[PDB]
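To start, the structure itself, in structure tokens.
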Amino acid sequence: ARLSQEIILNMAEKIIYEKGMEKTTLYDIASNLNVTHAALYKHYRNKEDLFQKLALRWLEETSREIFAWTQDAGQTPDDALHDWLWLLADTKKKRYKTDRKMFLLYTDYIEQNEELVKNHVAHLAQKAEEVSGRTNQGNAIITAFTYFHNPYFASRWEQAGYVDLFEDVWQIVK
Amino acid sequence: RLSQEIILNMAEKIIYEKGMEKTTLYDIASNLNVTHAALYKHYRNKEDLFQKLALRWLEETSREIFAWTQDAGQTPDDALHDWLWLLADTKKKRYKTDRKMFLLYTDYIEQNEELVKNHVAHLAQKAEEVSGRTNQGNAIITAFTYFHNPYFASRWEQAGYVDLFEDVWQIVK
């Protein structure tokens, strides 16, 4: 009779949501799972590895639609590029609104991690090229829209002019 | 006896070492050894004083950015390119030249809506004045956000900085 990786992950997430990462230890997670401390270690060496897997999981799940996105038949690559960028923007904004607490926590955590951040942006750049058909411009395009998807600016996405600014930026890159 | 300049200089000396949160006016008056309410003539509040110090620091940082102008014969596109590079290089070198100050004033300005709004609005004007792309200023600054927003400072030394800047320029020009 043994723990599952997901019951550990899940319990960790519950505790983090209650009191934040900084105050959450493997000992807290074991205790709440009614299991001896040492049993956690075969899954996670330390809370940092466990925290990294949580953040990545959240990032993976909240982004599935951005990466799975298809255009409607009859869209030009440009119109598709536009609609996809809007969806990316819309998706980060929506999440900030409905999952605010964890958005802040995970998004903070991911940004402080160079390898994770680069990986994510690499994926965004690839998708961008797949949809637009603009070879090797994917980075340039993602970066040009930094304001609209980087979480630092999330608290500014409900201000007057957001849409027009998005459209205005799009006019330059189109 | 007392001058705005010596008040500011002492205030900036103090928050440099303990930061705005902790620093009080009491701390400043006592540090100037000047009487108390003698300070209220100049600043009835500490947030007033910090904004002044912030503004003053932004002016000096960006002076060269607002002073720049093109050479005869340059196309507006090229001049926009060069100005955008100067804008980025300036933020980058300020971060290297004094991090502590860059952190403390940047931290404060970003959280002050009107202060940032004004500054990006100024940059937007400049971008139009240089480029001639009327009404597109705000969009052009917004497009280059990665290169001048201080949140990104600690990245500007990573590999591919120059190249990414060029690639962004290629799609906006």
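When we count neighbours, we look across all protein chains shown, and the Cβ atoms used for this are built from the backbone with ideal geometry, even at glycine. Quick note: the coordinates plus some simple rules give every number you see, no bench work behind them.
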key: Residue count, region B:141-155 (criterion: more than 7 Å from chain A (Cβ to nearest Cβ), assigned to a helix (DSSP H, G or I) and among the hydrophobic types (A, V, I, L, M, F, W, C))   = 4
request  = Search region A:141-153 for residues being touching a residue at least 40 places away in the same chain (Cβ under 8 Å) and crowded, with 19+ Cβ neighbours inside 10 Å, and hand back the single one that is farthest from the chain's Cα centre (by Cα).
outcome  = A:141
ask   = So which residues in region A:100-117 are surrounded by 15 or more Cβ atoms within 10 Å (Cβ to Cβ) and either over 19 Å from residue A:147 (Cα atoms) or in contact (Cβ under 8 Å) with a residue 60 or more places away in the chain (or both)?
value = A:102, A:105, A:109, A:116
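Pick out the one residue from A:136, A:46 that is surrounded by fewer than 16 Cβ atoms within 10 Å (Cβ to Cβ), at positive phi and not hydrophobic (A, V, I, L, M, F, W, C).
The unique qualifying residue is A:136.
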Whichever residue in region B:19-31 is in contact (Cβ under 8 Å) with a residue 12 or more places away in the chain and either touching a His at 6+ places or on another chain (Cβ under 9 Å) or crowded, with 18+ Cβ neighbours inside 10 Å (or both) and, among such residues, is nearest to residue B:112 (Cα to Cα) = B:20
request  = Would you mind finding the one in A:7, A:16 that is of a type in the set (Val, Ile, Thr) and surrounded by 15 or more Cβ atoms within 10 Å (Cβ to Cβ)?
outcome  = A:16
remark   = Taking region B:118-140 and keeping residues facing chain A (nearest Cβ under 9 Å), without any contact (Cβ under 8 Å) to a residue 12 or more places away in the chain and outside any loop (DSSP other than H, G, I, E, B) leaves B:139
note = From the option list B:88, B:79, single residue qualifying as under 30 Å from residue B:169 (Cα atoms), surrounded by 15 or more Cβ atoms within 10 Å (Cβ to Cβ) and either of a type in the set (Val, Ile, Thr) or in contact with a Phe, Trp or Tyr (Cβ under 6 Å, 6 or more places away or on another chain) (or both) is B:88
message = Which count do you get for residues in region A:156-168 that are within 12 Å of chain B (Cβ to nearest Cβ) and either outside any helix (DSSP H, G or I) or without any contact (Cβ under 8 Å) to a residue 24 or more places away in the chain (or both)?
response = 9
inquiry  = Please determine whether any residue of region A:92-104 is more than 11 Å from chain B (Cβ to nearest Cβ), hydroxyl-bearing (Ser, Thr, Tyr) and under 30 Å from residue A:16 (Cβ atoms).
reply    = yes
